[PDB]
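Notes follow the structure.
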Amino acid sequence: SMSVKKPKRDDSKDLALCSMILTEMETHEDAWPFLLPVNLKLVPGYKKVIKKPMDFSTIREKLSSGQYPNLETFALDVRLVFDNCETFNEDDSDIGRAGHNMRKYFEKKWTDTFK
């Protein structure tokens with residue numbers, strides 16, 4: 001509360017560390033469904049169904065331009081990519097499997113880096 005704070009965590013490396021996680025996600029062999037925004041002109045249903053599209057290139061641009069105020073907002077966008085994937089793609093499909101794989105990959109890096 002006012003004048004009552006937990007000891008100050010060092011957040012000075014967070015930006016660099018999120019960048020490194022994102023590079024690792026970008027270079028994973030199963031990243032291909034997520035590298036670029038879904039083409040809303042060429043994929044029927046996507047625009048109407050997926051209310052907040054997100055992809056790795058969009059996260060990179062937001063990260064590089066100071067649009068994440070803290071590491072929780074960064075994690076929310078990464079998770080959005082995989083939540084969108086699950087909404088639109090059957091679990092038993094190459095893309096559906098890719099999204100589960102990538103979500104696991106991310107969550108381990110996230111825990112190991114920050115928990």
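At an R0 of 30 angstrom, the distance between the Cβ atoms of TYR105 and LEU15 translates into a FRET efficiency of 0.90. Looking at the stretch 1-76, the trypsin sites (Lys or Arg not before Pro) that sit in a DSSP loop and have at most 14 other Cβ atoms within 10 Å of their own Cβ are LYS5, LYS8, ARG9, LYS13, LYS41, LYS51. You can think of it this way: the chain between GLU24 and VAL4 has 3.4 nm of extra reach, that is 0.36 nm per residue less the Cα-Cα gap. Taken as Cα centroids, the stretch 13-58 and the stretch 99-115 sit 15 Å apart, rounded to the nearest whole angstrom. For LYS5, the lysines whose Cα comes closer than 30 Å to its Cα, not counting residues fewer than 8 places off in the same chain, are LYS13, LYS62, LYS108, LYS109, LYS115.
Rounded to the nearest 500 deg cm²/dmol, what is the calculated helix-only ellipticity per residue at 222 nm for the chain, with -39500 (n - 2.57) per DSSP H run of length n ≥ 4?
That calculation yields -18000 deg cm²/dmol at 222 nm.
Extension gain, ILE95 to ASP112: 0.36 nm times the residue separation minus the Cα-Cα distance gives 3.5 nm.
Using C-alpha pairs under 8 Å with a sequence gap of at least 6, the mean separation divided by the residue count of the chain gives a relative contact order of 28 percent.
Within 10 Å, at most 16 other Cβ atoms, and a DSSP state outside H, G, I, E, B define an exposed site. Report the longest part of the chain free of exposed GluC sites (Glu not before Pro). With a cap of 16 other Cβ atoms within 10 Å, the longest stretch comes to 30-89.
Methodologically, a virtual Cβ is constructed for each residue, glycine included, from the backbone with ideal geometry; neighbour enumeration extends over all protein chains shown. Read-outs: derived from the displayed coordinates by stated rules, not from any lab.
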